[PDB]
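Chain by chain, the residues run as shown.
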Amino acid sequence: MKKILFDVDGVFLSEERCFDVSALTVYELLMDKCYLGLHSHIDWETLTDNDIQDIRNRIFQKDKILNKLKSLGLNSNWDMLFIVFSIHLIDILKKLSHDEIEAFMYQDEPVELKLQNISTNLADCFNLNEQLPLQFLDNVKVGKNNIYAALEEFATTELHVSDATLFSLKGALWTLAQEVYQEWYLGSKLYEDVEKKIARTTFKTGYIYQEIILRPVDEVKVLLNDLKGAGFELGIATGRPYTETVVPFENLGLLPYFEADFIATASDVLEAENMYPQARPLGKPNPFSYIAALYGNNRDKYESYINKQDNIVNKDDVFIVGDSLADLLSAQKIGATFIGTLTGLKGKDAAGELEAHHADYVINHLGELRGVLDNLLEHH
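Criteria and cut-off values
Residues numbered from 1 in each chain as written, not as in the entry; some residues may be left out. Heavy atoms only, no water. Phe/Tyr/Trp six-rings, centres within 6.5 Å; stacked < 30°, edge-to-face > 60°. Helix = DSSP H or I, 4+ residues; strand = E, 2+ residues; numbered from the N terminus. Buried < 20%, exposed > 50% of the residue type's maximum accessible area, 1.4 Å probe, protein only. Core = buried A, V, L, I, M, F, W, Y, C linked by side-chain atoms within 4.5 Å. Pairing = 2+ DSSP bridges. Right-handed = clockwise from strand over helix to strand, strands pointing away. Domains from an automatic or database assignment. Contact = heavy atoms within 4.5 Å. Buried area = accessible area lost by both parts, 1.4 Å probe. Salt bridge = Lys/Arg side-chain N within 4 Å of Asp/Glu carboxyl O. Polar contact = N/O pair within 3.5 Å; in protein donor to acceptor, adjacent residues only side chain to side chain. Nonpolar A, V, L, I, M, F, W, Y, C, P; charged D, E, K, R; others polar.

This entry lists X-ray crystallography as its structure determination method and reports a resolution of 2.50 Å.

Colleague: Mind showing me how you'd approach the packing of aromatic side chains here?
Modeller: Centre distance and the angle of the planes are the two values used to describe a pair of aromatic rings. Considering all chains together, one arrives at 17 aromatic pairs under this definition. With a centroid separation of 6.1 Å and an interplanar angle of 90°, the aromatic rings of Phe-12 and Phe-258 are classed as edge-to-face. Here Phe-12 is found in the loop between β1 (3–6) and α1 (16–31), whereas its partner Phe-258 is found in the loop between α11 (242–252) and β3 (263–264), with 246 residues between them in sequence. Each member of the pair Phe-12 and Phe-258 is classed as buried.

Colleague: Where do I start with unusual backbone geometry in this structure?
Modeller: As a rule of thumb, non-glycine residues mostly have phi less than zero, and peptide bonds are mostly trans rather than cis. Its identity is not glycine, yet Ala-164 carries a phi of approximately 70°, on the positive side. A positive phi angle is found at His-358, which is not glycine, with a value near 60°. Of note, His-358 is situated in the loop between α16 (351–356) and β6 (361–363).

Colleague: Explain the nonpolar core here, please?
Modeller: Membership of the largest hydrophobic core comes to 72 residues, with the highest contact counts inside it found for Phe-82, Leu-89, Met-105, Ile-118 and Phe-167. Ranked by residues supplied to this core, first place goes to helix α4 (residues 77–93) with 11 residues. Ranked by size, the runner-up nonpolar core spans 30 residues in total, among them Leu-223, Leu-227, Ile-236 and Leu-366.

Colleague: Explain the pairing of strand β2 (residues 233–237) here, please?
Modeller: Along a regular strand, successive side chains alternate from one face of the sheet to the other. With respect to burial, β2 is a largely interior element, 4 of its 5 residues being buried. Here β1 pairs with β2 via 4 bridges, running parallel. Its bridge partner being in β2, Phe-6 is matched across the sheet by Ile-236. As paired strands, β2 and β3 are joined by 2 bridges and run parallel to one another. Looking at β3, one finds that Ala-237 is bridged to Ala-264. Taken together, β2, α11 and β3 form a β-α-β motif whose crossover is right-handed.

Colleague: Could you clarify how one ought to interpret the sheet that holds strand β4 (residues 318–322) in this entry?
Modeller: As a general point, the strands of a sheet are linked pairwise by backbone hydrogen bonds and lie either parallel or antiparallel. Across the sheet, 6 strands lie side by side as β3-β2-β1-β4-β5-β6; this open sheet has parallel pairing. Across the chains shown, the open sheet's two edge strands, defined by having one partner strand only, are β3 and β6. Judged from the 4 bridges that link them, β1 and β4 form a sheet pairing that is parallel. Within β4, the position partnered with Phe-6 by the bridge is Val-321.

Colleague: I would appreciate a short explanation of the domain arrangement of the chain in the present structure.
Modeller: Interfaces are often sized by the accessible area lost when the parts come together. Taken domain by domain, the chain comprises domain 1 (2–14 + 211–380) and domain 2 (15–210). Opposite the 11 residues of domain 1 that make contact, domain 2 presents 13 residues. Of the roughly 1,100 Å² buried at the junction of domain 1 and domain 2 (both faces included), carbon and sulfur atoms supply 59%. The three residues of domain 1 that bury the most area against domain 2 are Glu-211, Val-247 and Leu-345, which together make up 46% of that side's buried surface. Our count for the contact surface shared by domain 1 and domain 2 stands at 0 salt bridges. Between domain 1 and domain 2 we count 1 residue pair in polar contact in total. Residues of the side of domain 1 that touches domain 2, tallied by class, amount to 4 nonpolar, 3 polar and 4 charged.

Written out as structure tokens, the structure reads:
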């Protein structure tokens, strides 16, 4: 009867690795002889947590580039790594003759292979200048669509051309960069099964298995266990797709504490939208996934999860544990008790918005969750 719905990022795991893979993507697209092959580089198959950190640091410049893209509306890692890599590409292309440019920009061969024919035409040694992308966003209007427009105008004026559709969103180049990231993340094996494409490498194991933990698993395995011991039913609602949720939890040993029928993911919202397109977006602000994680995750009940959301549960029967504000509104929506965590990307600085939104409780991290359950009224 009593259920407690959990969110994944900002609670159990963080999103850092995404920014890591995003960095490694740009870097691999720059040094590997499979693409540009600008300069030498460490063997990908032997990278360490420090190498990756250094790479990320160089590419994003202490995350300055990474945080600027956020403030402008670019929160998708695929989009971020794409824009950052285009700025450097355009930079390298302005060193070749106009003829060489039109070649790479208009040749019938795939960009992936056309990238392999640029380094040989470099007169002098090219210098990276990893500050360019940041000095690119300087004057750019907020908004993904707007960001892509600036990137296109920049390419035309810099490369003295008029097309620049190669840099278009979801373009051939965008597809390349995005495939490189997915293999980096899911790993070759999971890449083929999820993306339905043949893997480029055979050494990428997938950083999905080396996800950044927020709280020691051995400690949460006891918390979850006791939670069940107190008659609590557990549930999961995340913005992560199916695999990015199951695989990590599986490898970590947390999955056994969550019934597969009570784990709602971005795949479900995606599926639900295809069945009921005019049902607007069923994204995280919409309590749909939380509702699916509560009553059960079966296609045949989706419609009800969409039409019946206003105060469908009592305050003492459901406890939503998350860090985002979008989860807070989903709880106030369905009538569930909300308990916010301070383990989000913003850290504890997110406490002000949580209290200004009347969050039932606010905890520092998943561990301090016992205090709330043993002091529901005391700490009310």
